[PDB]
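Enquirer:
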Amino acid sequence: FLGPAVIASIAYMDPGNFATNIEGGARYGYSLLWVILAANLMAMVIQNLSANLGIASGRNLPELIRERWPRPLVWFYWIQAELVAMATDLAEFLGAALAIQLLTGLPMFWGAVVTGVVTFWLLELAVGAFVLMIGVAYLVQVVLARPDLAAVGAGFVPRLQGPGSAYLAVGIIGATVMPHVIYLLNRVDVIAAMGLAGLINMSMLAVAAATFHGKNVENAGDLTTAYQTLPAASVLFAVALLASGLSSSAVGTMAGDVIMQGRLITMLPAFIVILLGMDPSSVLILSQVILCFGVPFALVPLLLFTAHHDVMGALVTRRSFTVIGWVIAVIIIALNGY
Amino acid sequence: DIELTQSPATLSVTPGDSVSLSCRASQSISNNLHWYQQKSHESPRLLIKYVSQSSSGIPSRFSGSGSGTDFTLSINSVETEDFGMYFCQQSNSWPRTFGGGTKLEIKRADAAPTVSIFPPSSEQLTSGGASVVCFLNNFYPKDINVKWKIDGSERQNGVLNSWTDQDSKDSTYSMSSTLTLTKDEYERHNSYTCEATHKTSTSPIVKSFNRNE
Amino acid sequence: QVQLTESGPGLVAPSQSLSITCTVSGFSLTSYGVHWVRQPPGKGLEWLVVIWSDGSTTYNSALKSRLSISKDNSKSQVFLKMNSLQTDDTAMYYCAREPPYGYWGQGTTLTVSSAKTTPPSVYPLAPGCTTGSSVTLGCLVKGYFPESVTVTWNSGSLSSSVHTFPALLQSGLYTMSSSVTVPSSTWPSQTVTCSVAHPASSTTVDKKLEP
Ligand SMILES: [Os+3]
Ligand SMILES: [Os+3]
Ligand SMILES: [Os+3]
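Chains as they are written, first to last, in the entry's author numbering: chain A, 43 to 165, 176 to 236, 259 to 304, 310 to 341, 353 to 428; chain L, 1 to 213; chain H, 1 to 129, 132 to 213.
Structure (structure tokens):
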């Protein structure tokens, strides 16, 4: 319908999910699609538990964690959440820089200046039409190859152990369960939005795995080589990226104002790109595992606050196993990070 | 399951005139295709990636042109170092599929075979064998229909043809065709005719011997 | 200098097992997928299988459930392996790996037949009565295994021209034609003898050719 589709295209609209559902297809092919499944399901749990708690004993999570926790722990959770929104804005400026260099070819510094003056410009239907049009653009090839061979033969979970194998999956599932959706008639619109746009992500990844897996060539991490051919569809990919970044800017920075009030300070990572010693293309995926490390700190308070003062949320089945599986995975990739 | 029929199967050139290989597809495969050169007993280095972009470390002589359901490689001024095999590989979908291949060869003026038919060897006769080889030395082009006749009746089977590579001395092909027989097959009959229908003669070149004398 | 090298050639009986080592150098094997390409003696070729690094085997439907591909990152070797029945698939195998392809190995020869080592039987081919001023004489190596005999002609016939047609399989063994030509003014005045060298059986047969 016209509601959940726009709510979905806007709901994802970040460079991180583009830049990790196009790495999983270039290295771990269809065998990674499953995580995207697990990426949405628990997420559709979590936000529901936020909608299940956001009206009863009404307050956003930053208002709650200031009510009954020690002060040093409040400073620690503000370090954690501020590094979370900081890393999200790093994702915004990075992806928008790669987009501006993907269009006019401007250096990422001048691209960051243009994103600064677009932050000046911020003070809708066309953006959702761009992410909707690239979303249908990846629904052009959601049909395209071996529907029962590589697909369902890889949606069943593999226990792969390698550093990059679990690192990239942790980046994907750490980018989908965005920490700022946890800081929050309505349930159906979001279950269908995240539902269909889950097909946008499985489409993006599967097409990223069928477009070139065994072909080798230049890696898909740059996103400059991510323009798939059916000419103008490439510029459509770059404009879709730029729109996704510029909108995730306002949404994630206003959300950072919600977590922060209860501007340029998050722009310091935005110019770490000038370090020149390492290329930015794949520090965005890291930007989604660091963002992943800020998820348990955003999940424990919901899990514990859900069952005291309020009705509903008595179910503690999958919603509590997901946090311990989550933390054991991120402690696998964190305890092997040396 | 997509295939790639490649034509022409073999190609002769002077060298000088431009050649153009065709790698027809079974369905559309976009610009996912690879062109390889090959020599005898060698590893095939890559020439053309994606049919448009020339690959790394490849002379500007070669150029791939095409779009969609069929693609064509093209060599301009063959330069005596482009002779031999050429293979063509799609890579979009499992399984990857190579083409039918082509063997580029040197071209020159025509020639006629110096056919000579031999009786079975005296030692092979008491060994039980009865091979009647029929050499067809120095002929052009490569194609010949050599044929055997045992008492007029043709012998399409029991034969064995063999072909040399394009001769080093003068770019001229030669072949052999053994007609191995058992004892009764060699004793029941009376004569063995070795014919060769060829482009340079409407009448096939003929040699024969008979069991007596 | 990026470079791939393979294991030495192999000759195995039917229903035996075998393995081949595609070792790599000059690039990061853990970062590239290796394809396998099989070329019969001269009968074209078709894509075989691909082993993506970190063990990801994908076999084509043509050669599924017989072939297997091991990998060893400790020495960056890509192992090919064939077990089960062998049914005399005889060919030279290839491996490939580099972002656009174009770095293939030197290839490895692999022959399957049950025949034991047998020295040849050289059969002289006398014309039996002579078109023109030059006469052709023949020599027939036959029934040998393994491959590759080298036929050499002694003559002294002033003008002469030798040919040696490629070895071909007959009933599990090998057969070969061998030509020579002499001015007939020296035949049979000057002898023109046909030696045949088969190093795998040590035997060399210096067969004289007479009518
Ligand atoms: Os207060
Ligand atoms: Os409590
Ligand atoms: Os076959």
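C-beta atoms are modelled at their ideal positions from N, C-alpha and C, and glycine is treated no differently.
Residue 305(A) by DSSP, collapsed to three states: which one?
Expert: Note on chain A: numbering goes from 304 to 310 directly, and residue 305(A) within that interval has no coordinates.
Enquirer: Let's test the definition: count the other Cβ atoms within 10 Å of the Cβ of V206(L) and tell me whether it reaches 16, buried, or not, exposed.
Expert: exposed
Enquirer: Along chain H, which residues have their Cβ under 8 Å away from the Cβ of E292(A)?
Expert: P99
Enquirer: Going along the chain, which residues of the region 20 to 35 of chain L sit with their C-beta nearer than 9 Å to a C-beta in chain H?
Expert: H34: these are the residues of the region 20 to 35 of chain L whose beta carbon lies less than 9 Å from some beta carbon of chain H, given in chain order.
Enquirer: Where do the ends of the beta strand (DSSP E) carrying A96(H) lie?
Expert: 91 to 96
Enquirer: CB-CB under 6 Å to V233(A), same chain, minus the five flanking residues each way: which ones, in chain order?
Expert: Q89
Enquirer: Which of helix, strand or coil does DSSP assign to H41(L)?
Expert: In the structure shown, the three-state DSSP call for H41(L) is coil.
Enquirer: Can you determine whether any heavy atom of ligand 5 sits closer than 8 Å to the C-beta of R110(A), and answer yes or no?
Expert: Among the ligands present in this structure, namely ligand 1, ligand 2 and ligand 3, ligand 5 is not found.
Enquirer: How many Å lie between residue 227(L) and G100(L) at the Cα?
Expert: Summary: the structure shown does not reach residue 227(L), with chain L confined to residues 1 through 213, and so no result is reported for it.
Enquirer: Any beta carbon from chain H within less than 9 Å of residue 215(L)'s own beta carbon?
Expert: Residue 215(L) cannot be examined here, being either before or after the span of chain L that is shown, 1 to 213.
Enquirer: Please list, in chain order, the chain L residues whose beta carbon lies closer than 9 Å to that of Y94(H).
Expert: Neighbours of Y94(H) in chain L, taken as residues at a C-beta separation under 9 Å, are given in chain order as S43, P44.
Enquirer: Skipping 5 residues on each side, what residues in its chain have a beta carbon closer than 6 Å to that of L142(H)?
Expert: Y123, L125
Enquirer: Is the shortest distance between the beta-carbon of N137(L) and the beta-carbons of chain H less than 9 Å?
Expert: yes
Enquirer: Check this for me: beta carbons of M339(A) and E124(A), under 9 Å apart or not?
Expert: yes
Enquirer: Report back the beta-carbon spacing between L104(L) and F71(L) to the nearest angstrom; my notes put them in contact at under 8 Å.
Expert: With a Cβ gap of about 17 Å, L104(L) and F71(L) do not count as contacting.
Enquirer: Which residues of chain A have a Cβ atom closer than 7 Å to the Cβ of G33(H), listed in chain order?
Expert: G288, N290
Enquirer: In chain L, which residues lie with their C-beta within 7 Å of the C-beta of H200(H)?
Expert: Residues of chain L passing the Cβ test: none, with the nearest at roughly 17 Å.
Enquirer: I need the straight-line Cα distance from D1(L) to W94(L), nearest angstrom please.
Expert: 7 Å
Enquirer: Could you tell me whether the region 10 to 19 of chain H touches the region 101 to 112 of chain H, using the rule of 3 or more Cβ pairs below 8 Å?
Expert: yes
Enquirer: Do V198(H) and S159(H) count as a contact pair if the criterion is CB distance below 9 Å?
Expert: no
Enquirer: Let me know the secondary structure DSSP gives residue 130(H) once reduced to three states.
Expert: There are no atomic positions for residue 130(H) here, as chain H continues from 129 directly to 132.
Enquirer: Applying the criterion that 16 or more other CB atoms from any shown protein chain within 10 Å of the CB defines a buried residue, is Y428(A) buried or exposed?
Expert: exposed
Enquirer: Along the region 174 to 197 of chain L, what residues have a CB closer than 8 Å to any CB found in chain H?
Expert: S174, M175, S176, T178, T180
Enquirer: Scan the region 89 to 102 of chain L for residues whose Cβ lies nearer than 9 Å to a Cβ of chain A and list them as they occur along the chain.
Expert: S91, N92, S93, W94, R96
Enquirer: On the DSSP bridge assignment, give the partners of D17(L) in chain order.
Expert: Paired residue(s): none; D17(L) is not in a bridge.
Enquirer: Checking contacts by CB at 9 Å: is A197(A) closer than that to chain L?
Expert: yes
Enquirer: Taking only heavy atoms of ligand 2 into account, decide whether any of them is closer than 8 Å to the Cβ of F395(A).
Expert: yes
Enquirer: Which parts of the region 82 to 144 of chain L are runs of the beta strand (DSSP E), unbroken and 3 residues or longer, counting only runs that do not cross its ends?
Expert: 84 to 90, 102 to 106, 114 to 117, 134 to 139
Enquirer: Helix, strand or coil for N59(A) per DSSP?
Expert: helix
Enquirer: Find the nearest neighbour of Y72(A) within the set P104(A), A206(A), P215(A), judged by alpha-carbon distance.
Expert: Its Cα nearest to that of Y72(A), the residue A206(A) stands out among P104(A), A206(A), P215(A).
Enquirer: Quick one: grab the DSSP three-state call for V182(H).
Expert: strand
Enquirer: How many whole angstroms separate the CB atoms of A98(A) and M268(A), which I take to be in contact at a CB cut-off of 8 Å?
Expert: 22 Å between Cβ atoms; not a contact.
Enquirer: Specify whether the region 76 to 90 of chain A and the region 207 to 214 of chain A touch according to this definition: at least 3 beta carbon pairs, one from each stretch, less than 8 Å apart.
Expert: yes
Enquirer: Could you check whether the Cβ of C22(H) sits closer than 9 Å to any Cβ belonging to chain L?
Expert: Not closer than 9 Å to any Cβ of chain L, the Cβ of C22(H) fails to qualify, so no.
Enquirer: Using the beta-carbon count (16 or more within 10 Å), is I355(A) buried or exposed?
Expert: Counting Cβ neighbours within 10 Å, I355(A) comes out exposed, since fewer than 16 surround it.
Enquirer: Does DSSP put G107(H) in a helix, in a strand, or in coil?
Expert: Three-state result, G107(H): coil.
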